[PDB]
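Just follow the structure's listing: the first ligand is 1, and inside any ligand the first atom is 1. Residue numbers start at 1 and run along the sequence shown.
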Amino acid sequence: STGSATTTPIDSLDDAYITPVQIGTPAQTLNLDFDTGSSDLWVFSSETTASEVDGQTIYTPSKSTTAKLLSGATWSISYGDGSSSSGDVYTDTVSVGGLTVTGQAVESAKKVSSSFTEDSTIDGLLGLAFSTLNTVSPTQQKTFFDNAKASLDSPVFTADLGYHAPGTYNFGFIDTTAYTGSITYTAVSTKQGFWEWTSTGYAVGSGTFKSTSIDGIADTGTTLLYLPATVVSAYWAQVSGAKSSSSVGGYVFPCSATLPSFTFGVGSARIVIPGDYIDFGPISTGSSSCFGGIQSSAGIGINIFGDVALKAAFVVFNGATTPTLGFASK
Ligand SMILES: O[C@H]1[C@H](NCc2cnc3ccccc3c2)[C@H]2CO[C@H](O2)[C@@H]1N1CCOCC1
Ligand SMILES: O[C@H]1[C@H](NCc2cnc3ccccc3c2)[C@H]2CO[C@H](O2)[C@@H]1N1CCOCC1
């Protein structure tokens with residue numbers, strides 16, 4: 001089997017991407033944030049505190065003839081931005097782009113934090129990291145991909161995120177028309193439950209490539225590119241007037257500045273992020289100071305190849321017995 005769905009930026013800055021997902025019988029379609037950095041499928045629901053729902057589409061398990069309450073099961077998650085959510089658990093039928101899993105754990109939110117409430121376009125998350133990170137207690141649950149994997153034509157999914165444009169998540173096959181050149185595969189460590197890999201180095205603009213090992217995660221659920229302080233300082237030094245602002249919480253730059261590209265290494269291959277992918281616009285409406293899309297990972301403790309990086313590539317999440325990651329230019 002295979003599945004294919006379109007993923008859409010939530011706003012003009014590509015702050016996140018949403019993908020439609022069918023849950024239950026009859027189907028209830030929710031727009032979920034596919035997140036390769038976490039492993040819970042959770043949704044706004046009929047059980048979510050009313051004051052914490054503001055425009056989202058909700059899952060109502062009582063209207064799904066295939067929903068079954070998972071007795072005594074609960075979940076609770078926190079993310080790197082201080083946001084959180086929690087609730088109870090159902091199993092139900094979930095479909096993505098024609099690919100159907102029966103008995104998928106659907107984590108119904110009783111509570112969500114303010115950032116979630118404030119984003120009306122995101123109805124929940126669909127985790128695609130390793131199932132070892134799933135938070136359901138007292139019995140941990142499997143991701144949509146883990147549940148689907150044995151039925152897929154090939155045990156893979158791909159992320160093709162657009163810059164200010166539509167994109168695609170495919171399950172079970174590699175669309176060889178979606179990229180240029182070859183896909184370079186690189187080793188993955190699952191020891192932290194992430195799609196964790198080691199980049200071979202970087203360049204800034206037309207500068208010389210610096211060979212250096214950068215361990216980080218391929219994370220579709222993180223907006224920006226988080227890299228070591230040394231690397232980030234080297235990037236922003238090439239932007240006139242850029243500075244790190246404690247008040248704003250990272251590097252900012254004059255909105256009229258020309259941003260250089262940023263290149264990262266995948267083995268001997270190179271993925272080039274165009275400069276404009278790094279522009280996250282005015283820090284507040286009407287300001288001529290703009291937020292940067294490459295930021296230090298010093299505070300977070302791990303390097304993150306988020307959407308800024310991934311949308312410059314066609315990315316293969318290969319869930320073979322020994323998982324690997326593939327990157328191609330496009
Ligand atoms: O247009 C190309 C697409 N470009 C990015 C993309 C991704 N996702 C998108 C989703 C919706 C609308 C548009 C989308 C566009 C990707 C995905 O498929 C192929 O490469 C496709 N053709 C390549 C040439 O022969 C085959 C067709
Ligand atoms: O990008 C962040 C994610 N939120 C994306 C998001 C969603 N919606 C948004 C809507 C508007 C403007 C911006 C938005 C940003 C979540 C999941 O993990 C973290 O928090 C992640 N990083 C936080 C900073 O360092 C750690 C990694």
### Message
So, regarding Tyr79 and ligand 2 (criterion: nitrogen or oxygen to nitrogen or oxygen, under 3.5 Å), is there a contact or not?
### Response
no
Any heavy atom of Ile300 under 4.0 Å from ligand 2? The part involved is side chain
Ligand 2 to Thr223, heavy atom cutoff 4.0 Å, flagged ligand atoms 1 (O), 5 (C), 6 (C), 15 (C)
Distance filter under 4.0 Å, heavy atoms only, around ligand 1 gives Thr6, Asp160, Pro166, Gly167, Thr168, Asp175, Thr177, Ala178
Discussion item. Parallel, tilted or perpendicular: which one describes the rings of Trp195 and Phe130, with boundaries at 30° and 60°?
Written reply: tilted
Note to self: Students often mix this up, so state it plainly: with edges at 30° and 60°, are the rings of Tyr169 and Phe34 parallel, tilted or perpendicular?
What the structure shows: tilted
Next on the checklist: Using modelled atom types and a 3.5 Å cut-off, is there a donor and acceptor pairing between side-chain atoms of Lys110 and backbone atoms of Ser45?
Outcome noted: no
Centroid-to-centroid, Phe144 to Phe171, below 6.0 Å? yes
Heavy-atom donor-acceptor pair, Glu196 side chain to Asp215 backbone, under 3.5 Å: no
Give the ring-plane orientation class for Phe327 versus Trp197, where under 30° counts as parallel, over 60° as perpendicular and anything between as tilted. tilted
Tightest non-hydrogen contact, residues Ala309 and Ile273, listed as CA-CD1, 3.7 Å
